[PDB]
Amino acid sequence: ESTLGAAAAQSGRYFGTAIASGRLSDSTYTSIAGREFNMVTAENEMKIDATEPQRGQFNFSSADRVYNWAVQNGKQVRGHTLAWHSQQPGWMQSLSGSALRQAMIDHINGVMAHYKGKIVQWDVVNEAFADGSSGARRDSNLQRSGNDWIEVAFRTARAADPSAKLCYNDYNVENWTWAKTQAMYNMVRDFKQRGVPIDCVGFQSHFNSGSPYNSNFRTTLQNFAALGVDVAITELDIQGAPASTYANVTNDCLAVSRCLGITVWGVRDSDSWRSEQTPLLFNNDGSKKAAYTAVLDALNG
């Protein structure tokens, strides 16, 4: 096949991107993204601050611009993200303990209701682990409310929209030997022991010199799949966009039956949150990079 999404679809997978509403008046962006991808994640517009800027008062305008663009252009949507320490609106930053717990639940319920039956995967919880050797939970108001915050988010989400696959998403969890990876593994293990309704694990896959790709990513994906969850590569970008690594990652997903697909975290290098690292598949001018060709070729076998 001649495009990433269609090539992924040959094996029942998707190839997605992050879409930013502020870029939707750029004709190069909309036409290349339209052509190439069959899955969309809103880069910002479905986060907590964007969707509930005051408690109880939702704003789906920008989120719906992204969602509607996606469906108009024949893409499914990953919802990103319902419960997270980052990008919280001030009113939520001020809450702790039981008040925060209620607000967390209410936020999940309100956003998921708006999209009920329309979102194939939700990143229900994002970035709950600390970096480094400890495997500890990250410090946040959410984590201070109790170790159960994550499981409660998942139980809430399952009741709100039984149709959605519920994902836990994180970064620096791709290398099987890292403590962070093992922390996430053991959480998912525990969740399965206790009936917590997690369906998927999202590997952000922000690869760079400090957190480099390792061939053992395939082992990580296999081992999580074996816990009884799907796996997804959710925010792929690679410092310098080497073709070799991009092919390796693609082939890792293709080798794991429950790997749903790959989302790259933007369209052109100039659209990247890390544009200085030129880490995506398209040049600033919209032309295809060597890494594009390597990914397409891998998807095509």
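The numbering used is simple: start at 1 and walk along the sequence shown.
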Q. Out of 120 to 128 and 221 to 229, which stretch has the higher average CA B-factor listed in the record?
A. 221 to 229
Q. Of the options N214, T81, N141, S134, which has the highest CA B factor as deposited?
A. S134
**Q.** Candidate residues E52, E276, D237, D26, the one whose C-alpha B factor the record puts highest
**A.** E276
Q: State the tercile, meaning the lowest, middle or highest third, of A183 with respect to the CA B-factors recorded for its chain.
A: highest
Q: Consider only the C-alpha atoms of the modelled residues in this chain, order them by B-factor as the entry records it, and name the third containing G286: lowest, middle or highest.
A: highest
Q: Comparing against every modelled residue in the chain, figure out the third that the C-alpha B-factor of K75 lands in (lowest, middle or highest).
A: middle
Q: Tell me, lowest, middle or highest third: where does the Cα B factor of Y246 rank within its chain?
A: middle
Q) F37's Cα B-factor: lowest, middle or highest third of the chain? A) middle
